[PDB]
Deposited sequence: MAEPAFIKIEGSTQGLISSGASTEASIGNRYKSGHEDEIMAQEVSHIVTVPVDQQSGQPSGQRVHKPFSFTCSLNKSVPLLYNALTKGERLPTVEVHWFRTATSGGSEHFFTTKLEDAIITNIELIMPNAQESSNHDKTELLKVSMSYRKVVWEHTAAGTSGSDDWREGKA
């Protein structure tokens, strides 16, 4: 699995992801290239339609569930706690997905964009220290999401 990279813009704190993937921020895990992006080691997101469970037809509108990414303790974490606790809305959250390319390197092939996100949950876990880093799960609702397969040219979107 290749890591994804997330650029976060805040209404109060500006470029929250600024310097997130630098040596000062993440250490020997430094990634040359995405200095102003958080490196996401996990992502999860669900979208659902309630169903009757008997006829199989929907029993209500679609429901968006929070978008989540997991990172380590990087330079953005104190800023993310500020946003969570102060209710700061983020006008843009943009995740860039990567895969192994022909040349051998990673290529950006997919994009997920959230508009006016709000952080609803931050979960920190340090696995037992006796190659892994502490984990920080950031969950977010939003007002609109757009999906883009950049390499093949397909996009879609929806409001919350």
Can you give me the gaps, meaning deposited-sequence stretches with no C-alpha coordinates, in sequence order? 1, 132-136, 167-171
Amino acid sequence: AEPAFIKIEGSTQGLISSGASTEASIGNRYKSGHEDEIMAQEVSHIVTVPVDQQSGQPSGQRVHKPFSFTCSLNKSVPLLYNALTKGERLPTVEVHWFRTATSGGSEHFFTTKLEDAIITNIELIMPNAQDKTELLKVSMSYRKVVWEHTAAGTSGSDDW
From here on, numbers count along this sequence of modelled residues.
Per the entry, where is the mean C-alpha temperature factor higher: 40-48 or 24-32? 24-32
Ranked by mean Cα B-factor in the entry, 60-68 and 90-98, top stretch is 60-68
Could you say whether, by C-alpha temperature factor, residue 129 belongs to the lowest, middle or highest third of its chain? highest
